[PDB]
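A short worksheet on the structure shown next.
Note that we place each Cβ from the backbone using ideal geometry, even for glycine, and neighbour counts take in every protein chain shown. Nothing in this text is a laboratory measurement; each read-out follows from the coordinates by a stated rule.
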Amino acid sequence: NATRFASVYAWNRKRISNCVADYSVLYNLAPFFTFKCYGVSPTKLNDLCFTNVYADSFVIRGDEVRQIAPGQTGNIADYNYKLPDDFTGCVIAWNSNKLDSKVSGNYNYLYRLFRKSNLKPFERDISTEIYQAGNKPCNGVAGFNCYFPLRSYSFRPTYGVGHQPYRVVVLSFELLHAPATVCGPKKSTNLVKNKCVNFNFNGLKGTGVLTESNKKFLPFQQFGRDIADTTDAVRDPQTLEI
Amino acid sequence: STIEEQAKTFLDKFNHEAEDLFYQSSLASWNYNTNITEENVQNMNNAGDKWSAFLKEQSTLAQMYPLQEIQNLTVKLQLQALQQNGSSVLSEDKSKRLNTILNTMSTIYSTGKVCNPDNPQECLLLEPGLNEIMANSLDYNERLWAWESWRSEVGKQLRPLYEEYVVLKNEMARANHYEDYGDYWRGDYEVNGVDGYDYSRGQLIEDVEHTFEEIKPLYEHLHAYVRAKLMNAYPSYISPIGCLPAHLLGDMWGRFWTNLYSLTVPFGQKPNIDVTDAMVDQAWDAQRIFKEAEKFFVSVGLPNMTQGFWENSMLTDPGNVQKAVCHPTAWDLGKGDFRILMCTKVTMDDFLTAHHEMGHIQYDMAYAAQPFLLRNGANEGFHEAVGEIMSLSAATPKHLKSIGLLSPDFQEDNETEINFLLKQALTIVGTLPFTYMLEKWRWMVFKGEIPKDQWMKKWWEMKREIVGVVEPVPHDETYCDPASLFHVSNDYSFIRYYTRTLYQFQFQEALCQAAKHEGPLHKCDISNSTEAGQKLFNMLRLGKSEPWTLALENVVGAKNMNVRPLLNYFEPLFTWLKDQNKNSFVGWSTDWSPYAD
């Protein structure tokens, strides 16, 4: 929900690490235009989580959302950015006709359509290289069969479905050998007392009766044990009470 | 560094402001057609001159080393639409004079003022005025004024203005390694790089001649049917042996024969098929007429449209304070978007153009992720040939029953479809030899084999042996009959209307062979068939990445331009015009003249 963004070859690295993800206001409300992705479903992201999450901010056409796919070739998918075969993220697009556009042409952020070679996945290429396709060199200028790359946007909110400003935020997920740090939301239930019920806590699982405790405790603890090494205490994960 | 690895990187800093400098002249021309103010015309000029200089700034810096090192087929087919230098190969006094002669040629065509020389005290406006007085005036002296005087006050100074315009037009194309400007319209038809499917520019001269030989039995029976029905209207003006006069064809020149339908009715006891009387009872508005017409696009198998089409484009004229020009043009404004500006009324001709102008949207929708040089037609006439397949399928009485339009018990005999097919004969077949004799006139005055005195004498000698009309007065070498139209004065291509009627018929003859329709092809409707879109989806997405020779292989399978879909579409029209022409004269002759008294 930013007010600015970046180019598709000048991708910033929003390093989401050591966070708590809240998808009850973003995924469940869904104020975006389309909500469709592959690999991992968005309903599995609340019950499964990953090591490092990386994000970006780039606005493209509505015709280039078919190019954002794992294993895709074509116009954008080999020359501006590339999605790998192990892509476990999701791609969300939203029409930004009232925010990201500009009257009298949008002449500020640039994008490409071709390249010298096939780039690597998540490659930040900001080069202004001089091309030579034939047998005579170009000395820095374009020519017959000599071309040059670097041109900006054409956004305006008065037209149809093809090249409206669509803000695409690719939330790339990555599971490594390191333990997880950013995990999504999970629902809670009510708490009943003075009854033989089961326990499903943040770090406890068992069956017992919840009564009022009269002992002292440390707030950085999860549970406590008695003199016979049995679990006789539980801290609430929401409130500071045992 | 390797020669084989380097394919194509032109589309970075060319193909992103080829739209964007045209974008700033796109809405500025669109606001010129909706909000005609004093400052909404100035933004067309300074932004359109930046895009006009963009095609000449990169052309001067593309003059280094030649073409023959390329290997890929995708490189060469987009290279032909950029290496045309245009006007930038002439001098400073010759190239900029072409820009000034094109602005004075479109001004007097739109703002012309010509009226009666007998009583010039009341002098009227041309374009809403003279377009509608041709239909209702049943007089010989009244129709003589609207054809002769219009080329006598507007077209009198174009004859010393078109002679040096042709001479400068030869210099800009002979330096572009072509033989003439005559193959500049045939430069889009040039196919090279594929073995077995090579279509040169010299092959197109015999191909229009090959498809014109078999239309001469079909056109001369329509030439003898309008003439035989004008005996009770004009008893002593039109000869039964000779040709028809050219000042009574219904329009300003005689391209369309649409106003000659009400006078040549075959049977007056049965009513015509009409949506206009049944529209005002159910109270339709502007939201209905595009939504059920877009239901025709879903049922073949093309996907839906989002909210950007309904809140941006309007269908109602924005008040009576501000003037809005509403000519039917589907706005192809760059890399796959369409805003529709149409002054819609309760009119059957407005209803068929709702399917026509949305048929140019569905061609550019499929290659919306393709480059802009491939975002075009397969030729110039390929864009409007795939647009009117939705209008001829919506004029079918089997389609009107499934929606809820006309009466559910309507009689359909053999004498019902003949009045519909002769309405299509003056829309499709009636403009077909008229497209031939003007494009052959364009291909005979550009090469320069003829002198200046045979410039206009060759024009009226072709019309008495190709289309079968004769002028009532003779013209000298100071007037111009073909140069008073919309396409020739604003420098547009006229080859695109001969291939409009040919590529449309090739697609509709095979579309319900997939949908399994038994009967004639004027009862063919392409709706309620999900497998009918899959034959089109490999054709709607090929644009100019594949040429027009390989584009016809997946529907009809003919690599050449043939006339055989045009014959069995009109199979009651070939049989029922034969028995009524037993005693009249078949064809025309070159001896009758109205001024040879």
Original post:
Hey, what do the phi angles of the range B:74-83 turn into as Karplus ³J(HN,Hα) couplings, whole Hz, using 6.51/-1.76/1.60 and θ = phi - 60°, x for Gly and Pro?
Top reply: 6, 7, 6, 6, 9, 6, 7, 8, 10, 7
Original post:
Which FRET efficiency value, to the nearest 0.05, do you get for A:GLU123 and B:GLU4 by plugging their Cβ-Cβ distance into 1/(1 + (r/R0)^6) with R0 = 22 Å?
Top reply: 0.40
**OP:** Rounded to the nearest 0.05, what FRET efficiency do B:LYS458 and A:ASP86 give with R0 = 56 Å and r taken as the Cβ-Cβ distance? Could you check?
**Re:** 0.20
**OP:** Using a 10 Å cut-off on Cβ to Cβ distances, tally the other chain neighbours for every residue of B:301-312 and report the average as a whole number.
**Re:** 3
Original post:
Which links in B:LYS440/B:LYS463; B:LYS401/B:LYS523; A:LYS36/A:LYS187 stretch past 20 Å when you go from one Cα to the other?
Top reply: A:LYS36/A:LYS187
Original post:
In bins 10 Å wide, starting from 0, what share of all Cα pairs of chain A does each bin hold, as a percent?
Top reply: 6, 23, 24, 18, 12, 9, 5, 2, 1
Subject >> For the protein assembly as shown, calculated [θ]222 nm from helices alone, where every DSSP H run of n ≥ 4 adds -39500 (n - 2.57) >> reply: -6500 deg cm²/dmol
Original post:
Which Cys in chain B stand alone, with every other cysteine's Cβ at 4.7 Å or more from theirs?
Top reply: B:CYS243, B:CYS480
Original post:
Along the range A:127-137, what does the Karplus equation 6.51 cos²θ - 1.76 cosθ + 1.60 (θ = phi - 60°) give for ³J(HN,Hα), rounded to whole Hz, x for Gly and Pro?
Top reply: 7, 10, 6, 9, 8, 8, 8, x, 10, 10, x
**OP:** Report, as a whole number in µm² per second, the diffusion coefficient that Stokes-Einstein gives for the range B:132-258 at 37 °C and 0.692 mPa s using the Kirkwood radius over alpha carbon pairs.
**Re:** 172
Original post:
From the backbone phi of the range A:224-240, what are the Karplus-calculated ³J(HN,Hα) couplings (6.51 cos²θ - 1.76 cosθ + 1.60, θ = phi - 60°) in whole Hz, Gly and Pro given as x?
Top reply: x, 10, 8, 6, 10, 6, 10, 6, 10, 8, 9, 9, 6, x, 9, 9, 8
**OP:** Could you tell me the convex hull volume per residue, in Å³, taken over the Cα atoms of the protein assembly as shown?
**Re:** 239
**OP:** Can you put B:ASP409, B:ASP337, A:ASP100 in order of Cβ neighbours within 10 angstrom, beginning with the fewest?
**Re:** B:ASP409, A:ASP100, B:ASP337
Original post:
What length, rounded to one decimal in nm, is gained on full extension from B:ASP350 through to B:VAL89, with 0.36 nm per residue of separation minus their alpha-carbon distance?
Top reply: 89.5 nm
Original post:
For the pair B:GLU122 and B:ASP198, what calculated FRET efficiency results from E = 1/(1 + (r/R0)^6), where r is the Cβ-Cβ distance and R0 = 51 Å, to the nearest 0.05?
Top reply: 0.25
**OP:** Return the long-range amide H neighbours of B:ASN376 (sequence gap of 5 or more, or a different chain), with a cut-off of under 5 Å between placed amide H atoms.
**Re:** B:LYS544
Original post:
At B:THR530 and A:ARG4, where each label point lies 7 Å from the Cα along Cα→Cβ, what is the point-to-point distance in nanometres?
Top reply: 4.9
Original post:
Taking the DSSP beta bridges in the protein assembly as shown as the whole, what percent of them are antiparallel, to the nearest 5?
Top reply: 90
Original post:
Which ordering of B:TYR184, A:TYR153 is given by a fewest-first count of other beta-carbon atoms within 10 Å?
Top reply: B:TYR184, A:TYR153
Subject >> Signed unit charges on C-beta, dipole axis of chain B, positive-most listed residue B:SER200, B:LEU144, B:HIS355 >> reply: B:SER200
Original post:
Taking amide H positions as placed 1.01 Å from N in the peptide plane, with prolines and chain starts having none, which residues 5 or more places from A:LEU171, or on another chain, fall under 5 Å of its amide H?
Top reply: A:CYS90, A:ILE92
Original post:
Where a Cα-Cα gap under 20 Å defines reach, which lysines qualify for A:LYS102, not counting those fewer than 8 residues away within the same chain?
Top reply: B:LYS50, B:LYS335
**OP:** For a footprinting-style exposure proxy, rank A:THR158, A:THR231 by other Cβ within 10 Å, fewest first.
**Re:** A:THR231, A:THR158
Original post:
Considering only Cα-Cα distances, which of the following residue pairs are longer than 21 Å: B:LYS398/B:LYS423; B:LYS270/B:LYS423; B:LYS398/B:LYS578; A:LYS44/A:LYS193?
Top reply: B:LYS398/B:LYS578; A:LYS44/A:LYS193
Subject >> Cα lying deepest toward the dipole's positive end in chain B, options B:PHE434, B:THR74, B:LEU161, charges on Cβ >> reply: B:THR74
